[PDB]
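Structure first, then comments.
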Amino acid sequence: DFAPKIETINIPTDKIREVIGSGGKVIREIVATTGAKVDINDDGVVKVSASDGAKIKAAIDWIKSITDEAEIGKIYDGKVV
Amino acid sequence: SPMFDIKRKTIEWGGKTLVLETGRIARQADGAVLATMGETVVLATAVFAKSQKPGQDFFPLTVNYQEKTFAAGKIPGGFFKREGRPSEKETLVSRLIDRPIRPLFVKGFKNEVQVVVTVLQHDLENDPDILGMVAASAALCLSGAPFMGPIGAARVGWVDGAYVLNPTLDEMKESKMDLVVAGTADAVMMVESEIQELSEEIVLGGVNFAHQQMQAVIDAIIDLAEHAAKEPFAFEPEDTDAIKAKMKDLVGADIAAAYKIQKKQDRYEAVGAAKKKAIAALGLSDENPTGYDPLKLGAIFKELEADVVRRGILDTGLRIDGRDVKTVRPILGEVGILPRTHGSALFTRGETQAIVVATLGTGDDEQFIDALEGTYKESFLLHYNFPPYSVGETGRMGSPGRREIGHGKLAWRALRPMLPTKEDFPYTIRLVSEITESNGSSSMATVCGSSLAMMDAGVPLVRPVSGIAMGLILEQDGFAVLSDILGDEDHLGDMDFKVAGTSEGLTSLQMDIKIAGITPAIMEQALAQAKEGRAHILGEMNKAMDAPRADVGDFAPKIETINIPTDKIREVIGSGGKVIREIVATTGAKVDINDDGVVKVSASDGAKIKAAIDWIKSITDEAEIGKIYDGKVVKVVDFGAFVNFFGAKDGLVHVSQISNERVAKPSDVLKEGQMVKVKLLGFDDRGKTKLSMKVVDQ
Amino acid sequence: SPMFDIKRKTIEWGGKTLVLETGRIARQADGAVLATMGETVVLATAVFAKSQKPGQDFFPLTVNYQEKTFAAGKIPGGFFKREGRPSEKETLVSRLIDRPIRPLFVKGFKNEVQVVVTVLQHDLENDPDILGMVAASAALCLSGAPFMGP
Amino acid sequence: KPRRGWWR
């Protein structure tokens, strides 16, 4: 547990701006809040890190909300509302 | 099995268990213990040469204390992410380990010996230095090398009023003392400390605490050694006496009426005499075997000068310079020599002068000390520099050495106590000390000069600090304690030591003993005299400062500081620095930052700093609290009074809660603009602001 | 008194006054002048060996011109915030000071000699190099070493 | 039988 993860995921490349934001606007906000280190690449690869699994999940789940929507479709699971 | 250990695990040591593994790792060395203190882990290896070098005039000993970053699961911040040139701490422990040892090798023994200690695991609690000293020790005894008696070491702290053994990192945070000590079964050998203004008794009481408290470890090492050390290495502890006595009676009177020579002339003249004369009469010969070769015949004379000078000083406190064991040398302080430099001083003492100059800076000028404990930022930067011309020689230059560092540390250890808090004084103060003359303790002369150079710079040094170099000739019968020793006087005393502090206790004590017998009685008498000396040197310092300059020189800068409630951080920083950059760009002042809600604001102008501060407060203000406050009525009304805690955000003093007893119509203190004091009852319905006058009070 | 200076203060020099203090600092060297040009301040020390080395085929001379950052109230931008390996300028003045001198030691003289100059105050106007050369010079003549003519 | 020793 000392030391740390370090969890990683991919995002469609054409989403870069939206997560970085103008001059880092969104990224810094995301990093400050979740308490996790984020970056960055360009093949759409995101590595997220800190000591807690809690902070990493927080971050990942956040990013996915900005990143999600696809459809595609692409079968999927869900529940009747 | 490979590996045939072997390990004294026993020893819980003042709260913590200590292990000593040998037999498993680095068997190829002569001794290699692996010590453990809770979770902190260091491997010590001693290897020593079995020949002696041909032209070998000194004992070559070398210690390398080294910290691998992985011991605290990191990867170096180096551009190369490997660790290289030794740190301050690496270099400073290495010295601290080396010090007590060197003396303890059998007289005569001149073989190459190299102890390496390497820190493999740091549990962020147990500091590895103390462990490492122990380990070195262990590893050595095990080697069989001629290294007289295992040596222990203990760090002591000061909590409540209890000497506490080996205060872990945390326990240190709340101590008024960092007194490290190493010694044998018989006396302490060395002492390096850092003291938060404590008295001789409390401090030396420290020493003796440590002496006992290591006694467990010394015994332990032996236990291990007993069934684990290598066959001890046979070396004839060289006997000089035979030939030493023979040269004595050829010259032993020729020096009594030689040193007695007041006139520096023959005073050396007799020297060269003896030299020529004796070098001849006995000297491997030509013809004529007996006596010893003209090589080792130097040493004897060298030695013999000692035995002569030393007798001469116990009978009559009359030294070489012809002064009494108690008499300190002429001092002359001098401040603001070369103004322009934030604080300058030319302290000088007989023939030991330093130029010392202070330099204020910002947080940008702090130094990241990427340590294993935890990478951190030091804002107190003593840099010591000892150039060859300072003793009339040539050489070297740049790339400061092990002592150049140990000394500048010794001095820094003797000032950090008397420093204003980043609260009173939010600066980073450098301080290089350039020794321009040495002959006495430049290391002491530096601190004194700093204490000065710093007041000149404008520093709330809570008090000023002095230091004295000290000596100690010791025979079975009598003995002298030398105040303010020369360069020579050291190279002959059986103990030497630097005492530093203020006139309300000690700030640093460093000692280095060479022989057993320094009873705690002899010690106290020693600091006694030191107390006299140092509080005298202090006398002369005040004759050039006595208290800080009111302010600093306009070059360089303030540097003004304030606190804000912590939960306001975001609002001043803004998203990704949005607000902070805007504030810094506009006011022209440097701002940051912390997290305890501490803001330091800086530039050259008081105007820009006030601008910034006043700005931040507007974003920061609003509280209430309430918490009485001052202000002025804005308007009054047969209804009450509206007033100002400042920031428009007025409040109302209800026509009711004005003056008590009776007010008819609120023309009591009705003066549009008249300042009064008021407490906020609380922003009553709605987001309103009730508030009245018990001025005063509750 | 300690210190028995001694100092040619006279000399205003093409607009600027030049001081040369000796007797007060680094008496332990053979010569140690402390020159001043307005506010720029440098200490020069010359120490030279009284023996000559045994196998001594050349004249060993070494000059170290060095600038402490505090002379202009700073703290080095070095990760160690102490100043170390010599700069271009440090190295370049050192050469510039060394050049004119070397020739001027009495033919044959092969003793170890080491002039150190150190800049203590820079007034951002007077460049210390020129001063420093002068200082070296002064400090040397003072040393008694066989160094022909200031 | 004990080893010894320079310590001793």
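Numbers for the structure displayed
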{"item": "Segment B:393-416 residues that are assigned by CATH to the domain that holds B:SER503 and polar (S, T, N, Q), paired with ones that are surrounded by 15 or more Cβ atoms within 10 Å (Cβ to Cβ) and assigned to a helix (DSSP H, G or I) (beta carbon under 8 Å, 6 or more apart)", "result": "B:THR394/B:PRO388"}
{"item": "Members of segment B:508-535 found to be in a helix (DSSP H, G or I) and either more than 19 Å from B:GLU197 (Cβ to Cβ) or hydroxyl-bearing (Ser, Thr, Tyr) (or both), listed by number", "result": "B:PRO520, B:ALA521, B:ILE522, B:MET523, B:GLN525, B:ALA526, B:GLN529"}
{"item": "Flag if B:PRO339 is of a type outside the set (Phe, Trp, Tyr), over 23 Å from B:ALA258 (Cβ atoms), out of contact with any strand residue (DSSP E or B) (no Cβ under 7 Å at 6 or more places or on another chain) and outside the structural domain of B:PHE109 (by CATH)", "result": "yes"}
{"item": "Top-ranked residue in segment B:104-154 [being more than 25 Å from the chain's Cα centre (by Cα), under 23 Å from B:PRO167 (Cα atoms) and buried (at least 24 other Cβ atoms within 10 Å of the Cβ); ranked as nearest to the other protein chains (Cβ to nearest Cβ)]", "result": "B:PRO150"}
{"item": "Filtered residue count, segment B:410-438, keeping only those that are within 14 Å of another protein chain (Cβ to nearest Cβ) and over 19 Å from B:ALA345 (Cα atoms)", "result": "1"}
{"item": "Qualifying residues in segment C:19-44 (those that are within 11 Å of chain B (Cβ to nearest Cβ) and among the hydroxyl-bearing types (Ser, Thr, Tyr)) - the one nearest to C:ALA136 (Cα to Cα)", "result": "C:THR36"}
{"item": "Within segment B:308-392, strands (runs of 3 or more DSSP E) holding 1 or more residues that are among the basic types (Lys, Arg) and touching a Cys at 6+ places or on another chain (Cβ under 6 Å)", "result": "none"}
{"item": "Residue count for segment B:232-253, restricted to those that are in a loop (DSSP other than H, G, I, E, B) and surrounded by 16 or more Cβ atoms within 10 Å (Cβ to Cβ)", "result": "4"}
{"item": "Residues of segment B:589-633 classified as touching a residue at least 40 places away in the same chain (Cβ under 8 Å) and among the polar types (S, T, N, Q), total", "result": "3"}
{"item": "Yes/no for C:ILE101 being away from chain B (no Cβ under 11 Å) and either of a type outside the set (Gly, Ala, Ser) or in contact with a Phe, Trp or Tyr (Cβ under 7 Å, 6 or more places away or on another chain) (or both)", "result": "yes"}
{"item": "Residue check for B:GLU88: under 17 Å from B:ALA29 (Cβ atoms) and either among the hydrophobic types (A, V, I, L, M, F, W, C) or assigned by CATH to the domain that holds B:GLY205 (or both)", "result": "no"}
{"item": "Residue list for segment B:626-649, filter: of a type in the set (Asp, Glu) and over 15 Å from B:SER667 (Cβ atoms)", "result": "B:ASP630"}
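What is reported rests on the model, the rules as stated and the sources as named; no laboratory read-out is quoted. For neighbour counting, all protein chains shown are included, and Cβ atoms are generated from backbone atoms with ideal geometry for every residue, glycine included.
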